[PDB]
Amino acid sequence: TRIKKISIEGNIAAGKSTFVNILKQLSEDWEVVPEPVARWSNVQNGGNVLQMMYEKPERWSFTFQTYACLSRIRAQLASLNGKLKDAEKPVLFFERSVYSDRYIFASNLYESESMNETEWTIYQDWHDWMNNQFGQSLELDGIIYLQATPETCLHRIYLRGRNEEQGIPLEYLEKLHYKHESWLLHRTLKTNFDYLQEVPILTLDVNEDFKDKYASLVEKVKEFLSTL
């Protein structure tokens, strides 16, 4: 629990995995808990619940959200309990968080009328329980939001070519975009987690290419980190 805890956020395809695997190299002392989206595509040759979800989300959304939240808690958990353990000044970068799940993705699918009155309620009961328990270990010490405007992400979704994604509309990506602003930019979304509100947030732009601004961002961290 000496391991500092930072979760990289921002929208679908902003540049998360990219930025963080990049920042990982800055220290023999820093590690990365990526989204286990790997699993989700071939659940164990198992089925693709992420694919499933996108196609008919009125049917599969709840089933995805709980399973998504599950796998995260579970890797985040697995990574606190080894590797780094016993190291100069350990640091752990989370591709997203249980908090992104509920209050960004989940919440949004509820508005979308894809998760109903009951599912939305079961999920939050489910999510709370799980994080009055295990998530009393994954308490965020900082958030590093990476902003990127709807239309960049829409196009980065083609740069990646994840078959289960070229169907995702702009409309979708803007909703997702609103929830990040609210929570993270303005802070105009006080959750039901008392501890969140004072926790530090460092925003970085990622709309321009890794051309002539990127390496610089790294520094916005190296210092930003040990400022506590």
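Quick note: we count residues from 1 along the sequence shown, nothing fancier.
Going from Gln44 to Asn45, you skip over 10 or more residues of the deposited sequence that the entry leaves unmodelled. The stretch with the higher mean CA B factor, choosing between 74-82 and 132-140, is 132-140. The question of which stretch, 187-195 or 162-170, has the higher mean Cα B factor is settled in favour of 187-195. The PDB entry assigns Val206 a C-alpha temperature factor belonging to the middle third of its chain's modelled residues.
Among all modelled residues in its chain, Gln51 ranks in the middle third by Cα B-factor. The entry lists a Cα temperature factor for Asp101 that places it in the lowest third of the chain's modelled residues. Ranked by Cα temperature factor within the chain, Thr18 sits in the lowest third according to the deposited record. In this PDB entry, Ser216 carries a Cα temperature factor that places it within the highest third of its chain's modelled residues.
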